[PDB]
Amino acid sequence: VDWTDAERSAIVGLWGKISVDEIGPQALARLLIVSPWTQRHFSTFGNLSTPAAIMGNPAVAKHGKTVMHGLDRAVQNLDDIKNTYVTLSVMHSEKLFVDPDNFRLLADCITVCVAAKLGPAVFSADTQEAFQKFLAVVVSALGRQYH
């Protein structure tokens, strides 16, 4: 990937100004409601029968946090994201049997939650351009070891 300086600064600045422990739970709950087939992977996590149950589910919240913290390492090295996620990709494929299209859907929910938190002036079109590029590279990397 070939990041512009503007893109790098936008991503690092954005990441530093959100609370991943806040956004993660929000994004994962949003994914389970808006893309409900994803519930396939979380039935051991308690009550998911209604939107309210999902939003108040503490197991879902903890998992949303680990997802977001999983993105930290990508932010910490924008130039080696493919290698960062090699083993996580193998895991989601071979152990977890996650349809990698759900990575794209989760990334879209993260965008929505970040936009809601930051607002349209701070999360400007150019900031969204950089963050979308970042998410696309991560999603590609997470799907890379599926065979």
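Throughout, we count residues from 1 along the sequence that is shown.
Enquirer: Quick one: higher average CA temperature factor, 42-50 or 118-126?
Expert: Averaged over C-alpha atoms, the B-factors run higher in 42-50.
Enquirer: Mean C-alpha B factor from the entry: is it higher for 65-73 or for 97-105?
Expert: Result of the comparison: 65-73.
Enquirer: Just say lowest, middle or highest third for the CA B-factor of residue 140 relative to the other modelled residues in its chain.
Expert: CA B-factor rank for residue 140: lowest third.
Enquirer: By the recorded C-alpha temperature factor, relative to the other modelled residues in its chain, which third is residue 57 in?
Expert: For residue 57, the deposited C-alpha B-factor lands in the highest third.
Enquirer: Comparing residue 9 with the other modelled residues of its chain, is its CA B-factor in the lowest, middle or highest third?
Expert: Its C-alpha B-factor belongs to the middle third of this chain's values.
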